[PDB]
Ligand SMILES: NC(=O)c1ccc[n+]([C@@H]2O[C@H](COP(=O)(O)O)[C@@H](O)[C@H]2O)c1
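In structure tokens, the next block holds one chain alone, the form deposited without the ligand.
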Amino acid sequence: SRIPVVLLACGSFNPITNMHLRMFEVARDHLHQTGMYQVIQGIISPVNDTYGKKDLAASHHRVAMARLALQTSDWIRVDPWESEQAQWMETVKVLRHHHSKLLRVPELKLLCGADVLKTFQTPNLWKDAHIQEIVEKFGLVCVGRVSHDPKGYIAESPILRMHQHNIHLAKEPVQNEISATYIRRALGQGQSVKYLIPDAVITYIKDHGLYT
């Protein structure tokens, strides 16, 4: 039989876009095609407001938009636990929390774009122990992105190449390079982003005067 899998995606979702959503769909089809897994749930976990330095919309707004974006999904949901904590938390700690909730068994895997995968190399950006825990205790499903070579990132990492069984590279045959930065700039200029992010999210943004 197949192994139950839960996909967890961390990030800003400022705001959530059709690309963030597509990422789950591609990752699920990929895992199913292997024959070894059955994805049972997707979780969008927006980052906390204390995180880094940037014009991030308040967390309850990002959580609300993600919930709206996901109303037509029968398997992906937003979980505000991370954004509701007092302070920002390293990714691995969010994975532990959700793993615990699962035990109250499905394998919990981190879901991300190939660009996040490239950051594992940035000096003083990720503790090696954390990278090891992600691919050894949990798993990693990476969706391709233009200009990134996930296969090489894995091969050149002493930690990643040792845990390839738990790293899944999902190929994105559709060029969809929507960046939320662009979405925010467009909105600020009063330009349309319809068909780039969910209609309901656009409505929420307008109703609450976000990204003006």
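One rule holds for the numbers: they count along the sequence shown, beginning at 1. Rigid core here is just the name for the largest C-alpha set that superposes within 1.5 Å across the two forms.
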Quick check: by Cα RMS after rigid core superposition, does 51-59 or 65-73 differ more from this form in 5 other deposited structures of this protein? 51-59
Could you tell me whether residue 104 lacks coordinates in at least a third of the other compared entries whose models cover its neighbours on both sides? yes
Please count the deposited residues lying between residue 104 and residue 105 that the model leaves without coordinates, and give the class: none, 1 to 3, 4 to 9, or 10 or more. 10 or more
Of 165-173 and 147-155, the stretch whose C-alpha atoms average the higher B-factor in the entry: 165-173
Would 85-93 or 130-138 have the larger average of its C-alpha temperature factors, as given in the entry? 85-93
Largest Cα B-factor, entry values, listed residues 110, 78, 114, 125: 125
Within-chain third of residue 34 by Cα B-factor, per the entry: highest
Chain third (lowest, middle, highest) by recorded CA B-factor, residue given as residue 56: highest
Going by the CA temperature factor in the PDB record, which third of the chain does residue 5 belong to: lowest, middle or highest? middle
Sorting the chain's CA B-factors, does residue 70 end up in the lowest, middle or highest third? middle
Based on the entry's values, in what third of the chain does the Cα temperature factor of residue 178 lie: lowest, middle or highest? highest
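Unshown form solved in complex with the ligand; subsequent notes refer to it.
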Work out which of 129, 125, 86, 105 lies within 4.5 Å of the ligand in the deposited bound form, going by heavy atoms. 125
With the ligand left out here, work out from 159-167, 50-58, 63-71, 28-36 which stretch has heavy atoms within 4.5 Å of it in the deposited bound form. 50-58
Please determine whether residue 202 contacts the ligand in the deposited bound form, using a 4.5 Å cut-off between heavy atoms. no
Quick check on residue 10: any heavy atom within 4.5 Å of the ligand in the deposited bound form? yes
